[PDB]
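Asks: as a preliminary step, the opening chains of the complex are given here in situ:
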Amino acid sequence: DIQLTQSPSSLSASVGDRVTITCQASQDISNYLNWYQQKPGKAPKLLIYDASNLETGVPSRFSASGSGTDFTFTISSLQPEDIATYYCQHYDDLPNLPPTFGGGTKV
């Protein structure tokens, strides 16, 4: 089935510098992309649900837009309060491809 790999997980950087994460696909997915922002000890909450479109209710401090089978997500600047871990997700339940989770990156 689809196999997902990500950028190097152990990324730490000073404030004001963009941080980039890349999600890769194996069996030709199409815009079936979610970004489940997660925090230690708590259940993940949806942040990006369909490709470029963003979830309403959060200030626009995250840049995410793409299509095809290779996707990129960028943070313009990382405030200290926003340190968390971010995953990659392909949502589906059809018999052809089951859903999978990525490796996960710690910022």
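Replies: Everything's here; your move. Numbers count the residues shown, from 1 in each chain, chains lettered A, B, ... in the order given.
Asks: find the helix or strand that the most centrally placed residue in chain A is a member of.
Replies: Centroid-nearest residue in chain A: residue A:35, 3.5 Å away (criterion: Cα atoms, centre = their mean). Per DSSP states H and E: residue A:35 is located in strand A:35-38.
Asks: quick one: that strand to chain centroid distance?
Replies: In terms of Cα atoms, centre = their mean, to the nearest Å, the gap separating the centre of strand A:35-38 from the centre of its chain is 6 Å.
Asks: can you check stretch A:38-56 too?
Replies: On Cα atoms, centre = their mean, the centre of stretch A:38-56 falls 8 Å from that of its chain.
Asks: most remote residue from chain A's center?
Replies: Computed with Cα atoms, centre = their mean, the residue of chain A farthest from its C-alpha average is residue A:95, at 24.1 Å.
Asks: excluding covalently adjacent residues, which one is nearest to residue A:36?
Replies: Of all residues not flanking residue A:36 in the chain, residue A:44 sits nearest, at 4.0 Å (Cβ to Cβ, 6 or more residues apart in numbering). Just so you know, the C-beta spots here come from the backbone N, C-alpha and C atoms, and that holds for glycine as well.
Asks: for residue A:1, see how far away the residue farthest from the centre of chain A is.
Replies: Using Cβ to Cβ, to the nearest Å, we find residue A:95 at a distance of 11 Å from residue A:1.
Asks: then chain B, please:
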Amino acid sequence: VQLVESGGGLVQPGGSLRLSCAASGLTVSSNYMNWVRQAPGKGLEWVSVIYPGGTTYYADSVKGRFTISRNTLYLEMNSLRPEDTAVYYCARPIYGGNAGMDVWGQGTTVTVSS
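Replies: Okay, here's chain B dropped in alongside the others:
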């Protein structure tokens, strides 16, 4: 909206166990209930899902050994293997284009001791 879970603890291998994800305030009759588990220090996994109609799809690892029962949600065990532990989560994943679908449970625990 709110979800509640209960049950889980000490158990011996070879003996079944019952998880009661008793939902409150959410219509369990017609919703895409989903079960996902979080191994300790590892990545998340997917287990099973249910449609509004009677339908069950299972992951690769749990082969014909898990059962999900549809105002409450139930899960059952069968000959629990040594390679099974950690927290479980009841999920109502986003379907369609509307926003606000995702709601998740707090947590649980399971361990095979003697």
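Asks: doesn't the residue farthest from the centre of chain A belong to a helix?
Replies: No. Using DSSP: H, G, I helix; E, B strand; the rest coil, the assignment for residue A:95 is coil, not a helix.
Asks: about what we covered before: just checking: what are the partner strands of the strand holding residue A:35?
Replies: Looking at strand A:35-38 with DSSP bridges, its partner strands are strand A:45-48 (antiparallel), strand A:85-86 (antiparallel).
Asks: buried residues in it?
Replies: A:35, A:36, A:37, A:38 (16 or more other Cβ atoms under 10 Å in any protein chain shown).
Asks: that older thread, isn't the residue farthest from the centre of chain A right next to residue B:55, touching?
Replies: No. Checked against Cβ atoms under 8 Å, the pair residue A:95 and residue B:55 is beyond contact range at 11.1 Å.
Asks: before we move on, the earlier item: run through the bridge partners of the residue nearest to the centre of chain A.
Replies: For residue A:35, the beta-bridge partners are residue A:48 (DSSP bridges).
Asks: how far away is it from residue A:54?
Replies: With distances taken as Cβ to Cβ, residue A:35 is found 10 Å from residue A:54.
Asks: tell me the bridge partners for residue 73.
Replies: All of this is about chain A. residue A:21, residue A:64.
Asks: sorry, I should have been clearer: chain B.
Replies: Assigned bridge partners for residue B:73, using DSSP bridges, are residue B:21.
Asks: one more chain, chain C:
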Amino acid sequence: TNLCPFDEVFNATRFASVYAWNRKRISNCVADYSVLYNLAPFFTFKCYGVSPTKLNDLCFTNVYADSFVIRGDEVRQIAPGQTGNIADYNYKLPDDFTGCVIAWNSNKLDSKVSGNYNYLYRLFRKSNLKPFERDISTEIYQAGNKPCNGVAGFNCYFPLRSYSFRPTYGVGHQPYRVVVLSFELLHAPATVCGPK
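Replies: Chain C now in position relative to the chains above:
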């Protein structure tokens, strides 16, 4: 002189959506059932019950024909003994079946640069679909105990959603056109079968 208008079914500019499929009765024909294979390059040709050679020999009364448009990967769901999203809420196929299924690609004709948002499909429903019925009406769908108000907010949905097509997707998500034939048990004298 009177042949079934298979050309009308096979060559139609506009095809019906999945949730509202067409059914057409066929009676009083002599029809070339063998013309299909050499009619045009067909990517798939699969039938049940009767082998290809016995169609023009065995003689039937009435014929049922249906046609719609689905994406590439969900061709396998149209078969007895299979379950899924389409097989449960869009088009249910009975346990027994004596008809054939023909599915061919139509990527070039419909998908323009802007895309085709005309096609639709149904995603939410309360219960399974009985064999062989057709639905067109759409209305609010509630997921909460509180009765649904006029405004669909935080507990009320719009059950219908559409597709989007571009020429440059992959092989699996390109559009396809599906035509299903069927046969029926008879007690009136037969009327439709092969030429000599």
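Asks: need the CA coordinates for the strand holding residue A:35. PDB is fine.
Replies: Output of strand A:35-38 as PDB, limited to C-alpha atoms (Å, rounded to 0.1, in the frame of the first residue of the first chain):
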ATOM      1  CA  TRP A  35      -2.000  17.600   9.200                       C
ATOM      2  CA  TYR A  36      -2.800  16.500  12.800                       C
ATOM      3  CA  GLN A  37      -1.000  18.900  15.100                       C
ATOM      4  CA  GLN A  38      -0.400  17.100  18.400                       C
END
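Asks: hmm, who's touching it?
Replies: Strand A:35-38 is touched from outside by A:44-48, A:64, A:73, A:84-89, A:104, with contacts defined as Cβ atoms under 8 Å, 6 or more residues apart in numbering or on different chains.
Asks: residue at max distance from the center of chain C?
Replies: Distance from the centre of chain C peaks at residue C:146, with 36.7 Å (Cα atoms, centre = their mean).
Asks: hang on, that one in a strand?
Replies: No. Under the criterion used here (three-state DSSP), residue C:146 is coil, not part of a strand.
Asks: ok, and the closest non-adjacent residue to it?
Replies: Closest residue to residue C:146 apart from its sequence neighbours, by Cβ to Cβ, 6 or more residues apart in numbering or on different chains: residue C:155 at 6.7 Å.
Asks: what's the distance between that neighbour and residue B:30?
Replies: Separation of residue C:155 from residue B:30 (Cβ to Cβ) stands at 12 Å.
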